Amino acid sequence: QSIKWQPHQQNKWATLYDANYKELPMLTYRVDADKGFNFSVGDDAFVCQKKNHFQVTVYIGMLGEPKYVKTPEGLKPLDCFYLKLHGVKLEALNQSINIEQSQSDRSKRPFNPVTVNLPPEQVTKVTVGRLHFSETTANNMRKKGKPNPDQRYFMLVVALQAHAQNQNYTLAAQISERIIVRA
C-alpha cells in the first residue's frame, strides 16, 4: 500500500502551445512517493517521521515541443519548467507547509521549486529525495489507546509549473491523501 493521488485544481491549469500556436496534447503526469510514508492501521492514515526523509518521483511525458504558455492574459513565451512541492493543512487548505531538503552535512535548506528540463517527445523522470516537512501535525498523541479526536493532517502537493514572463503557471498538479507527521 502506497500514497494515493488525485488531480489538484485541474480547472485552474494553464496549457502549453507549440510553434504554430496550436494546443499540444496534454502532457502525461504521474506522481509517486518512493519512501518515507508507511500506512498505520491504528491511525487509518499514512504516517511519516519528521527526521526520516521522504522521496518523490515524477514522470512527465512531454508531447510535442512547447513554446507558449496559455495564460489568463493570452499566449506567453515559455521560459523554463519548475517542479514545486509543498504541504497543505487538511483543516486549512489555504495554509501551506514548507518542505525542506536535508544535505550531506545533516543541514537542511528550504526546498524551492527545482528547474526541470523536458525534452520533446520524451518521458522525463525527476526524483526529489531527502525531503522533510518543516512542521509536525498537531494532536498526534493518542488519548487512551484511541487516535486523537482532533488529529490534524497534511496533504502533499506536487505540481509542474511553467515559467512565463516572471510568473509561474501550474500545468499539472497532484495532491496526496492525508498524512500524519510525527516527531
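Just count from 1 along the sequence shown to find any residue number.
### Query
In the PDB record, does 37 to 45 or 58 to 66 carry the higher mean Cα temperature factor?
The deposited B-factors put 37 to 45 ahead on the C-alpha mean.
### Message
Quick check: 160 to 168 versus 7 to 15, which has the larger average CA B-factor in the record?
### Response
The deposited B-factors put 160 to 168 ahead on the C-alpha mean.
### Query
Which one of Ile99, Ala92, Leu83, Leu75 shows the biggest C-alpha B-factor in the PDB entry?
The record points to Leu75.
### Task
Choose from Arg30, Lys143, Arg152, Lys125 the residue with the greatest Cα B-factor as stated in the PDB record.
By C-alpha B-factor in the record, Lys143 ranks first.
### Task
Could you tell me which third, lowest, middle or highest, the C-alpha B-factor of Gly87 occupies within its chain?
According to the entry, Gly87 has a C-alpha B-factor in the chain's lowest third.
#### Entry: For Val181, the third of its chain into which the C-alpha B factor falls
Within its chain, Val181 is a middle-third residue by C-alpha B-factor, going by the deposited values.
### Query
Where does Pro147 sit by CA temperature factor within its chain: lowest, middle or highest third?
Top third by C-alpha B-factor.
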